[PDB]
Every structure is written in C-alpha cells, then in structure tokens.
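Tertiary structure, described
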Amino acid sequence: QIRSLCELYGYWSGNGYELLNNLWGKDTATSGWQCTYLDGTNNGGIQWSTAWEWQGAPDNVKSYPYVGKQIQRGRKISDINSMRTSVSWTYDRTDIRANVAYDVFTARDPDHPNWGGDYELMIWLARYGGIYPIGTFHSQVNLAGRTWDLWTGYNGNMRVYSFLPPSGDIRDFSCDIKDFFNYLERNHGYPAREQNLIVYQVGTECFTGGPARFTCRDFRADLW
Ligand SMILES: OC[C@H]1O[C@@H](O[C@H]2[C@H](O)[C@@H](O)[C@H](O[C@@H]3[C@@H](O)[C@H](O[C@H]4[C@H](O)[C@@H](O)[C@H](O)O[C@@H]4CO)O[C@H](CO)[C@H]3O)O[C@@H]2CO)[C@H](O)[C@@H](O)[C@@H]1O
C-alpha cells in the first residue's frame, strides 16, 4: 500500500478524491478493528481497500470506510448536469454482515458538515449477512439498466432513499447518479432546486464478521 490509514479517521486526499478510515460506530463493537489502504491513484481513479474484523452488536454499523469525490460547496442538485461514476470491487468472503454502497448527502445549507444532511441517497451494490437498509421497502424502480428495490425511511431528521439490488451483488458497476436524483425529484417530490450536494462517496458499511477484506480495484467519479 502507498498509505495505511489504520487510525480512527485516518485520512488521505489527492487527485480530487479523499479516503477515510471512517470507523464512526466503533464504540458499539466488543472487539475488532479496521484499516483502510490507499493502493494506487492510477488512470484518474482510486484503488484502495479495507481490512477488518468486528464482533458485537450485529445491527449496529461499526464503520463506513469510503473514497469520496471532493466537491465545491453550493452545487444545487437541480443544476448538476451529471454525476457519472464507476466502481469495480471484490470482497474476499460474503459470510459477513456488510454492504457495498454509494452514499450521497444533500442539504439546504451548503455548509452542512459532511456527517449528514437533510437527505441521503444510497445505491447498494451488495447486501451480505442479512442486514437491512434504513426504513421499509417501497417499490421497484428501473434505472441505470437495472431494476432496484427502493427503500425509504428516516435516520433522525434525515430522509433516506436506498436503491438495492433485488438479488445478488454488482461487483462492476457504472451509473449517472443524476438519473437517481431525477427519479426522486419527479416521483417523490425531492426538492432538488433547494438542495446542495454535501458528499459523493462509495464504500462498505461493516457491521460484524471477518477477518474480511474489501478491495476497490478501481473507482472513478465525475461531476458536471
Ligand atoms: O473528512 C475528514 C475528517 O473526517 C471526520 O470524520 C467524519 C467523516 O468525514 C464523515 O464522513 C463521517 O460521516 C459518518 C457517515 O459516514 C455516516 O453515514 C451513515 C448514514 O448516517 C446512515 O443513514 C446510512 O445508513 O449509513 C451511512 C454510512 O454508514 O453517518 C455517521 C453518523 O451520522 C457519520 O458520522 O463522520 C465522521 C465523524 O463521525 C473526522 O472527524 C476528522 O478528524 C477528519 O478530518
């Protein structure tokens, strides 16, 4: 690895991306730890991984290590033209409680801290070990050439929209996240003209299990 980010909130940034050992829920674990590794910054993308083992509190997320696209504040979603992104990943085992997911926060306040927002949009690419998304299953949605199960609910005051694969995982994925925002704006009244982009990330929520390793073979994200 080029960098080993094993401290709580170990951080790297470069090439318009950032990488965080985001062990935000670690105090709910009885034992374990996790490290996030920068493997490369080749070809306008990021190559990274995270190794972990967590025990205790199986319904509690211990971490969401991620790679994020750095963004300027104040980009109203309505005026974002495109958010084209691709990811190729693997997990070394699937007998774990964990996901792989894009995470996007938006807020009316353009300076909202990156830990949350008024709304959250997740695009899940894996669902391992019987974990649940936020909220309840709403309906199926056709976007990005796939069918998704849309779940909706609340995490505190934040409205959360999660798009899940009906079955299996998606280890090689590309989409334009604006298609997902457009679907929510039209059919769910999502206030895109009032909402500012806060974060734009992909990573793995880790609940329990391991030793396990998530490898991101490549991540690219653009914003126009
Ligand atoms: O940016 C560098 C600084 O990082 C600071 O740590 C922050 C971190 O940047 C931020 O990304 C993190 O946010 C977490 C967030 O990932 C998580 O998201 C949940 C979401 O709430 C939930 O609805 C959904 O189901 O899952 C998501 C993924 O798990 O939410 C939690 C709690 O709300 C956020 O905290 O927060 C970190 C701090 O907790 C460092 O503090 C700083 O030192 C460093 O410079």
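Residues numbered from 1 in each chain as written, not as in the entry; some residues may be left out. Heavy atoms only, no water. Residues with missing side-chain atoms left out of burial classes, pairs and counts.

Per the deposition metadata, X-ray crystallography was the technique used to determine this entry, at a resolution of 1.67 Å.

**Let's talk about the nonpolar core**
Counting residues in each nonpolar core, the largest one holds 54 residues, and the members touching the most others are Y91, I123, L125 and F163. The dominant element in this core, judged by the number of residues it contributes, is strand 15 (residues 206-221), at six residues. (Core = buried A, V, L, I, M, F, W, Y, C linked by side-chain atoms within 4.5 Å. Buried < 20%, exposed > 50% of the residue type's maximum accessible area, 1.4 Å probe, protein only. Helix = DSSP H or I, 4+ residues; strand = E, 2+ residues; numbered from the N terminus.)

**Observations concerning the pattern of salt bridges**
What the rule picks out here adds up to eight salt bridges. In this structure, the salt-bridge partner of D95 is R93, at a minimum N-O distance of 2.9 Å. Judged by its relative accessible area of 55%, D95 falls in the exposed class. Residue classification places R93 among the partly exposed residues on the basis of a relative accessible area of 28%. (Salt bridge = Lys/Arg side-chain N within 4 Å of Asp/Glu carboxyl O.)

**As for the environment of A29**
Tracing the backbone shows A29 in the loop between strand 3 (17-20) and strand 4 (31-40). The spatial distance from the C-alpha of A29 to the C-alpha of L125 is 24 Å, given a sequence separation of 96 residues. Among residues more than four places away in sequence, those in contact with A29 are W54, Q55 and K62. (Contact = heavy atoms within 4.5 Å.)

**Considerations on the pairing of strand 2 (residues 11-14)**
Only one face of strand 2 is buried, namely the one carrying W12 and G14, since none of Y11 and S13 on the opposite face is buried. Pairing of strand 2 with strand 3, which is carried by four bridges, proceeds in the antiparallel orientation. Bridging from a neighbouring strand, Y11 pairs with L20 of strand 3. Once strand 2 ends, the chain turns through two residues before running back antiparallel as strand 3, passing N15 with a positive phi of about 60 degrees. (Pairing = 2+ DSSP bridges.)

**Describing unusual backbone geometry**
In this model, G210 is joined to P211 through a cis peptide bond whose omega is 5 degrees. Position of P211 relative to the elements: it lies in strand 15. Even without being a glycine, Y9 presents a positive backbone phi close to 60 degrees. Within the element layout of this structure, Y9 appears in the loop between strand 1 (3-5) and strand 2.

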